[PDB]
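What's in target.pdb: PDB, C-alpha atoms (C1' of nucleotides)
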```
MODEL        1
ATOM      1  CA  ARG I   6      38.490  -8.868  88.000
ATOM      2  CA  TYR I   7      39.630  -5.294  87.280
ATOM      3  CA  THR I   8      36.342  -4.094  85.763
ATOM      4  CA  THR I   9      33.215  -2.564  87.301
ATOM      5  CA  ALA I  10      30.756  -3.614  84.569
ATOM      6  CA  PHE I  11      28.795  -6.836  84.074
ATOM      7  CA  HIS I  12      27.755  -7.440  80.469
ATOM      8  CA  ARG I  13      25.844 -10.338  78.971
ATOM      9  CA  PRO I  14      28.186 -13.351  78.738
ATOM     10  CA  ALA I  15      28.921 -14.712  75.287
ATOM     11  CA  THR I  16      27.047 -17.932  74.511
ATOM     12  CA  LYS I  17      27.039 -20.289  71.546
ATOM     13  CA  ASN I  18      25.449 -18.737  68.458
ATOM     14  CA  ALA I  19      24.243 -21.503  66.165
ATOM     15  CA  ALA I  20      23.618 -20.657  62.524
ATOM     16  CA  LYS I  21      20.089 -20.836  61.153
ATOM     17  CA  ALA I  22      19.107 -24.364  60.100
ATOM     18  CA  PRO I  23      15.491 -24.284  58.892
ATOM     19  CA  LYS I  24      13.737 -27.633  58.573
ATOM     20  CA  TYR I  25      11.948 -26.732  55.323
ATOM     21  CA  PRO I  26      12.537 -24.147  52.575
ATOM     22  CA  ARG I  27      11.013 -20.747  53.259
ATOM     23  CA  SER I  28      10.407 -19.907  49.589
ATOM     24  CA  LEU I  29      10.096 -22.062  46.474
ATOM     25  CA  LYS I  30      10.297 -19.151  44.025
ATOM     26  CA  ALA I  31      11.903 -20.216  40.758
ATOM     27  CA  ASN I  32      15.495 -19.050  40.285
ATOM     28  CA  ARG I  33      15.023 -16.972  37.142
ATOM     29  CA  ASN I  34      16.371 -13.440  36.795
ATOM     30  CA  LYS I  35      13.658 -11.193  35.364
ATOM     31  CA  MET I  36      16.181  -8.429  34.533
ATOM     32  CA  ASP I  37      18.176  -9.847  31.616
ATOM     33  CA  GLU I  38      19.745  -8.173  28.595
ATOM     34  CA  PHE I  39      16.476  -8.488  26.670
ATOM     35  CA  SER I  40      14.276  -6.829  29.294
ATOM     36  CA  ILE I  41      16.792  -4.155  30.331
ATOM     37  CA  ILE I  42      16.831  -2.388  26.950
ATOM     38  CA  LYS I  43      13.330  -1.676  25.679
ATOM     39  CA  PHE I  44      14.193  -0.102  22.320
ATOM     40  CA  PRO I  45      16.604   2.478  20.891
ATOM     41  CA  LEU I  46      15.526   6.096  20.627
ATOM     42  CA  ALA I  47      14.836   6.713  16.935
ATOM     43  CA  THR I  48      14.107  10.443  17.092
ATOM     44  CA  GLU I  49      15.877  12.930  14.841
ATOM     45  CA  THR I  50      17.837  14.370  17.771
ATOM     46  CA  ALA I  51      18.970  10.903  18.866
ATOM     47  CA  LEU I  52      19.884  10.036  15.270
ATOM     48  CA  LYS I  53      22.149  13.087  14.947
ATOM     49  CA  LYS I  54      24.567  11.980  17.680
ATOM     50  CA  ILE I  55      25.164   8.562  16.105
ATOM     51  CA  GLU I  56      27.570   9.870  13.444
ATOM     52  CA  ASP I  57      29.813  12.396  15.206
ATOM     53  CA  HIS I  58      29.833  11.435  18.886
ATOM     54  CA  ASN I  59      29.634   7.685  18.109
ATOM     55  CA  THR I  60      26.807   7.293  20.630
ATOM     56  CA  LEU I  61      23.619   5.242  20.735
TER      57      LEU I  61
ATOM     58  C1'   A L   1     -56.450  69.357  16.711
ATOM     59  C1'   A L   2     -53.451  65.633  14.603
ATOM     60  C1'   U L   3     -49.858  61.213  13.483
ATOM     61  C1'   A L   4     -49.149  55.911  15.104
ATOM     62  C1'   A L   5     -42.627  55.842  15.328
ATOM     63  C1'   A L   6     -42.732  54.105  20.292
ATOM     64  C1'   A L   7     -46.628  51.769  23.772
ATOM     65  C1'   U L   8     -50.680  48.275  24.617
ATOM     66  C1'   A L   9     -54.157  44.059  23.326
ATOM     67  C1'   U L  10     -55.446  39.003  20.731
ATOM     68  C1'   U L  11     -54.198  34.865  17.291
ATOM     69  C1'   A L  12     -50.832  32.012  14.007
ATOM     70  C1'   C L  13     -45.700  30.760  12.950
ATOM     71  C1'   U L  14     -40.336  30.872  14.544
ATOM     72  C1'   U L  15     -37.144  31.585  18.573
ATOM     73  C1'   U L  16     -34.829  31.205  24.309
ATOM     74  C1'   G L  17     -36.072  27.543  28.152
ATOM     75  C1'   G L  18     -36.907  22.707  29.330
ATOM     76  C1'   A L  19     -42.385  22.078  32.209
ATOM     77  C1'   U L  20     -45.857  18.400  30.934
ATOM     78  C1'   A L  21     -46.870  13.248  28.789
ATOM     79  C1'   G L  22     -44.912   8.398  27.555
ATOM     80  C1'   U L  23     -40.390   5.352  29.675
ATOM     81  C1'   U L  24     -36.541   2.916  32.830
ATOM     82  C1'   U L  25     -30.004  -1.645  32.737
ATOM     83  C1'   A L  26     -31.397   3.134  39.048
ATOM     84  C1'   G L  27     -32.862   3.321  43.976
ATOM     85  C1'   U L  28     -35.992   2.243  48.870
ATOM     86  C1'   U L  29     -38.085  -1.296  52.216
ATOM     87  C1'   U L  30     -39.098  -6.261  54.040
ATOM     88  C1'   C L  31     -37.924 -11.302  54.086
ATOM     89  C1'   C L  32     -34.736 -15.963  52.999
ATOM     90  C1'   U L  33     -29.617 -18.292  52.875
ATOM     91  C1'   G L  34     -24.777 -17.434  54.508
ATOM     92  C1'   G L  35     -21.818 -14.143  57.479
ATOM     93  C1'   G L  36     -16.686 -18.039  53.856
ATOM     94  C1'   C L  37     -10.206 -12.064  55.597
ATOM     95  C1'   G L  38      -4.724 -11.794  57.536
ATOM     96  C1'   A L  39       2.729 -13.404  59.069
ATOM     97  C1'   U L  40       0.905 -19.193  53.617
ATOM     98  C1'   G L  41       1.286 -11.252  54.312
ATOM     99  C1'   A L  42      -5.149  -9.032  54.552
ATOM    100  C1'   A L  43      -8.210  -4.403  53.853
ATOM    101  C1'   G L  44      -6.188   0.166  51.834
ATOM    102  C1'   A L  45      -2.756   3.154  48.841
ATOM    103  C1'   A L  46       0.757   3.857  44.643
ATOM    104  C1'   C L  47       2.813   2.586  40.029
ATOM    105  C1'   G L  48       2.680  -0.246  35.684
ATOM    106  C1'   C L  49       0.430  -3.387  31.536
ATOM    107  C1'   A L  50      -4.134  -2.956  25.253
ATOM    108  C1'   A L  51      -1.744  -2.339  17.714
ATOM    109  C1'   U L  52      -3.719   2.336  17.904
ATOM    110  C1'   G L  53      -6.441   4.895  25.544
ATOM    111  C1'   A L  54      -6.906  10.087  28.784
ATOM    112  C1'   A L  55     -10.708   8.129  32.362
ATOM    113  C1'   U L  56     -13.048   3.687  33.626
ATOM    114  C1'   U L  57     -12.831  -1.706  33.496
ATOM    115  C1'   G L  58      -9.553  -6.298  33.897
ATOM    116  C1'   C L  59      -4.923  -7.706  35.309
ATOM    117  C1'   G L  60       0.763  -7.850  37.730
ATOM    118  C1'   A L  61       7.330  -7.793  34.533
ATOM    119  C1'   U L  62       3.707 -14.720  32.109
ATOM    120  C1'   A L  63       0.279  -7.546  32.058
ATOM    121  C1'   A L  64      -7.524  -5.704  28.936
ATOM    122  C1'   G L  65      -4.121 -11.824  30.141
ATOM    123  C1'   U L  66      -1.138 -17.928  30.718
ATOM    124  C1'   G L  67      -2.309 -23.446  31.678
ATOM    125  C1'   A L  68      -6.384 -26.931  32.665
ATOM    126  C1'   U L  69     -11.747 -28.183  32.622
ATOM    127  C1'   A L  70     -16.404 -27.018  30.223
ATOM    128  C1'   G L  71     -17.735 -24.303  25.500
ATOM    129  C1'   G L  72     -18.789 -24.794  20.540
ATOM    130  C1'   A L  73     -17.724 -20.026  15.463
ATOM    131  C1'   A L  74     -16.838 -15.543  16.679
ATOM    132  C1'   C L  75     -14.751  -9.881  17.094
ATOM    133  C1'   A L  76     -15.510  -5.079  15.097
ATOM    134  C1'   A L  77     -13.998   2.043  15.585
ATOM    135  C1'   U L  78     -10.132   0.797  11.997
ATOM    136  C1'   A L  79      -6.572  -2.380  10.432
ATOM    137  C1'   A L  80      -3.568  -7.296  11.076
ATOM    138  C1'   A L  81      -2.671 -12.227  12.574
ATOM    139  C1'   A L  82      -4.595 -16.678  14.457
ATOM    140  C1'   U L  83      -8.992 -20.101  14.268
ATOM    141  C1'   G L  84     -13.542 -26.913  14.162
ATOM    142  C1'   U L  85      -5.515 -29.530  14.488
ATOM    143  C1'   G L  86     -10.873 -25.597  18.427
ATOM    144  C1'   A L  87     -12.565 -18.374  18.102
ATOM    145  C1'   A L  88     -15.516 -15.844  21.773
ATOM    146  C1'   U L  89     -17.170 -17.221  26.837
ATOM    147  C1'   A L  90     -17.363 -19.323  32.027
ATOM    148  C1'   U L  91     -14.527 -21.193  36.453
ATOM    149  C1'   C L  92     -14.721 -22.067  44.714
ATOM    150  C1'   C L  93      -8.999 -25.216  39.837
ATOM    151  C1'   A L  94      -3.290 -24.669  38.565
ATOM    152  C1'   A L  95       0.884 -21.328  37.678
ATOM    153  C1'   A L  96       2.334 -16.354  38.331
ATOM    154  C1'   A L  97       1.456 -12.470  41.624
ATOM    155  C1'   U L  98       5.717  -4.855  40.918
ATOM    156  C1'   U L  99       6.269  -0.740  45.437
ATOM    157  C1'   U L 100       3.967  -0.379  49.862
ATOM    158  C1'   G L 101       0.813  -1.360  53.686
ATOM    159  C1'   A L 102      -0.360  -5.053  60.753
ATOM    160  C1'   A L 103       4.675  -4.205  57.621
ATOM    161  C1'   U L 104       8.135  -7.315  60.649
ATOM    162  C1'   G L 105      16.798  -6.673  59.655
ATOM    163  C1'   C L 106      17.776  -0.902  59.670
ATOM    164  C1'   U L 107      16.197   4.054  57.707
ATOM    165  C1'   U L 108      12.275   6.529  55.188
ATOM    166  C1'   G L 109       9.447  13.402  53.864
ATOM    167  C1'   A L 110       8.197  13.850  48.412
ATOM    168  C1'   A L 111      14.149   8.981  50.782
ATOM    169  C1'   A L 112      17.656   8.543  46.984
ATOM    170  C1'   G L 113      19.054   3.966  50.445
ATOM    171  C1'   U L 114      21.521  -0.249  53.338
ATOM    172  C1'   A L 115      24.227  -4.418  57.082
ATOM    173  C1'   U L 116      24.996  -9.752  57.916
ATOM    174  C1'   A L 117      24.216 -15.069  56.842
ATOM    175  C1'   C L 118      22.709 -18.744  53.410
ATOM    176  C1'   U L 119      21.912 -20.177  48.405
ATOM    177  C1'   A L 120      29.481 -10.966  40.711
ATOM    178  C1'   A L 121      23.962 -10.478  39.938
ATOM    179  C1'   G L 122      19.081 -12.616  41.639
ATOM    180  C1'   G L 123      16.338 -15.063  45.632
ATOM    181  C1'   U L 124      15.391 -16.371  50.849
ATOM    182  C1'   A L 125      16.193 -15.219  56.540
ATOM    183  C1'   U L 126      17.111 -11.683  60.454
ATOM    184  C1'   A L 127      11.020  -6.647  64.388
ATOM    185  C1'   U L 128       8.439  -7.008  69.381
ATOM    186  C1'   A L 129       6.038 -10.083  72.683
ATOM    187  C1'   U L 130       5.535 -15.231  73.336
ATOM    188  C1'   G L 131       4.556 -21.584  74.432
ATOM    189  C1'   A L 132       7.280 -26.133  73.998
ATOM    190  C1'   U L 133      12.051 -28.742  73.068
ATOM    191  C1'   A L 134      17.404 -28.716  72.465
ATOM    192  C1'   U L 135      21.852 -26.218  73.733
ATOM    193  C1'   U L 136      25.519 -22.554  75.649
ATOM    194  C1'   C L 137      25.916 -19.948  79.946
ATOM    195  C1'   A L 138      25.140 -16.374  84.823
ATOM    196  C1'   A L 139      24.402 -16.172  90.090
ATOM    197  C1'   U L 140      28.297 -19.529  96.503
ATOM    198  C1'   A L 141      20.698 -18.335  95.314
ATOM    199  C1'   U L 142      20.347 -23.829  98.532
ATOM    200  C1'   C L 143      23.352 -27.793  99.743
ATOM    201  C1'   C L 144      27.952 -29.925  99.417
ATOM    202  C1'   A L 145      33.604 -32.994  98.301
TER     203        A L 145
ENDMDL
END
```
Target format structure tokens, applied to this file:
Amino acid sequence: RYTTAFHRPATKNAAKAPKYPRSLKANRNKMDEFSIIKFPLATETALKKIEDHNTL
RNA sequence: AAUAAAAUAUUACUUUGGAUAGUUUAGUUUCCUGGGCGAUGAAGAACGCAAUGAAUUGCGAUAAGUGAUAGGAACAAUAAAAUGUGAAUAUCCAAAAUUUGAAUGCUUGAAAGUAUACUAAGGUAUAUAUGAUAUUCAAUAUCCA
């Protein structure tokens, strides 16, 4: 056979087919555009950059 | 010999201290009823959430609270709003339940992380041992055309 090693033969690998859902968690993303940004920084230092550097 | 500053003695009042007396939403012991946790993720730990909170308490991205069932007019430190078209309050109920932790895809020091499959992001599954069933195989191990 031209090889001195015996490995585990390849067998059929079926894909997972569960008979009932594992989790029923509702499909709602809790990290949306509203929750990501809490509020702008309204300090004097943060208000100075909004004219020149065009930054928020 | 002499004076009473100091020194000493008693009482009243004040002071320092917190004994004594009155008191208890705290304990101790005995007895009665149970002894009702967890891969459907426990106990424990961390972080976060109140209009003004640091602890504590309650809770989990629906946050000092949501729905439902009872309940019937409050809360309060200060403002506000909502409120008999139902406020406080209670519950062996329903929804929801961040990071961890037996911790279980892999790694974890105070580590930031990360692979595949299914259903760009998000969510599920994938540890080890193990019983049953199905299925793909390995061994001339026993026969055998």
Find the residue from L:144, L:79, L:43, L:121 that sits nearest to residue 34 (chain I); use all atoms listed in the file when measuring.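 Residue with the minimum atom-to-atom distance to residue 34 (chain I): L:121.
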Determine the residue set returned by the PyMOL selection byres ((chain L) within 9 of (chain I)) for the present structure, and present it as JSON, numbers by chain. {"L": [61, 117, 118, 121, 122, 123, 124, 125, 135, 136, 137, 138]}
Here's a test: counting only C-alpha atoms (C1' of nucleotides), identify every protein, DNA and RNA residue with an atom at most 8 Å from (9.1, -2.4, 58.0) in the file's coordinate frame, and state them as a PDB file with C-alpha atoms (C1' of nucleotides), in the frame of the given file.
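Written output follows (out_2.pdb):
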```pdb
ATOM      1  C1'   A L 103       4.675  -4.205  57.621  1.00  0.00           C
ATOM      2  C1'   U L 104       8.135  -7.315  60.649  1.00  0.00           C
ATOM      3  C1'   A L 127      11.020  -6.647  64.388  1.00  0.00           C
TER       4        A L 127
END
```
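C1' of residue 52 (chain L) lies 24.3 Å from CA of residue 51 (chain I).
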Given 6 Å on each side, where is the centre and what are the edge lengths in Å to one decimal of the axis-aligned box enclosing the listed atoms of region 99-110 of chain L, as JSON?
```
{"center_x": 8.7, "center_y": 3.3, "center_z": 53.1, "size_x": 30.1, "size_y": 33.2, "size_z": 27.3}
```
Kindly reconstruct region 15-32 of chain I with N, CA and C atoms and present the result as a JSON list (two decimals), in the coordinates of the input.
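The resulting out-v5.json:
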```
[["chain", "number", "residue", "atom", "x", "y", "z"],
["I", 15, "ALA", "N", 29.02, -14.16, 76.63],
["I", 15, "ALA", "CA", 28.92, -14.71, 75.29],
["I", 15, "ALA", "C", 28.53, -16.18, 75.36],
["I", 16, "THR", "N", 27.51, -16.56, 74.60],
["I", 16, "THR", "CA", 27.05, -17.93, 74.51],
["I", 16, "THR", "C", 27.18, -18.41, 73.07],
["I", 17, "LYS", "N", 26.90, -19.70, 72.87],
["I", 17, "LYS", "CA", 27.04, -20.29, 71.55],
["I", 17, "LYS", "C", 25.95, -19.78, 70.62],
["I", 18, "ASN", "N", 26.35, -19.32, 69.44],
["I", 18, "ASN", "CA", 25.45, -18.74, 68.46],
["I", 18, "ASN", "C", 25.40, -19.68, 67.26],
["I", 19, "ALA", "N", 24.42, -20.59, 67.28],
["I", 19, "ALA", "CA", 24.24, -21.50, 66.17],
["I", 19, "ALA", "C", 23.71, -20.76, 64.95],
["I", 20, "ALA", "N", 24.11, -21.23, 63.77],
["I", 20, "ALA", "CA", 23.62, -20.66, 62.52],
["I", 20, "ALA", "C", 22.25, -21.23, 62.19],
["I", 21, "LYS", "N", 21.46, -20.44, 61.46],
["I", 21, "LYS", "CA", 20.09, -20.84, 61.15],
["I", 21, "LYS", "C", 20.07, -22.12, 60.34],
["I", 22, "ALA", "N", 19.25, -23.07, 60.77],
["I", 22, "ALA", "CA", 19.11, -24.36, 60.10],
["I", 22, "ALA", "C", 17.63, -24.70, 59.96],
["I", 23, "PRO", "N", 16.92, -24.02, 59.05],
["I", 23, "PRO", "CA", 15.49, -24.28, 58.89],
["I", 23, "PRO", "C", 15.24, -25.71, 58.44],
["I", 24, "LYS", "N", 14.10, -26.26, 58.87],
["I", 24, "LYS", "CA", 13.74, -27.63, 58.57],
["I", 24, "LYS", "C", 12.95, -27.78, 57.28],
["I", 25, "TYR", "N", 12.59, -26.68, 56.63],
["I", 25, "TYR", "CA", 11.95, -26.73, 55.32],
["I", 25, "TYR", "C", 12.18, -25.41, 54.62],
["I", 26, "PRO", "N", 12.26, -25.40, 53.29],
["I", 26, "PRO", "CA", 12.54, -24.15, 52.58],
["I", 26, "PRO", "C", 11.48, -23.09, 52.85],
["I", 27, "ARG", "N", 11.93, -21.85, 53.00],
["I", 27, "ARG", "CA", 11.01, -20.75, 53.26],
["I", 27, "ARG", "C", 10.30, -20.31, 51.99],
["I", 28, "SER", "N", 10.99, -20.32, 50.86],
["I", 28, "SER", "CA", 10.41, -19.91, 49.59],
["I", 28, "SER", "C", 10.81, -20.88, 48.50],
["I", 29, "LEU", "N", 9.86, -21.20, 47.62],
["I", 29, "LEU", "CA", 10.10, -22.06, 46.47],
["I", 29, "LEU", "C", 10.08, -21.29, 45.16],
["I", 30, "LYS", "N", 10.30, -19.98, 45.22],
["I", 30, "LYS", "CA", 10.30, -19.15, 44.02],
["I", 30, "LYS", "C", 11.36, -19.63, 43.05],
["I", 31, "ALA", "N", 10.98, -19.73, 41.77],
["I", 31, "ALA", "CA", 11.90, -20.22, 40.76],
["I", 31, "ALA", "C", 13.08, -19.26, 40.61],
["I", 32, "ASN", "N", 14.26, -19.83, 40.38],
["I", 32, "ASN", "CA", 15.50, -19.05, 40.28],
["I", 32, "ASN", "C", 15.71, -18.59, 38.84]]
```
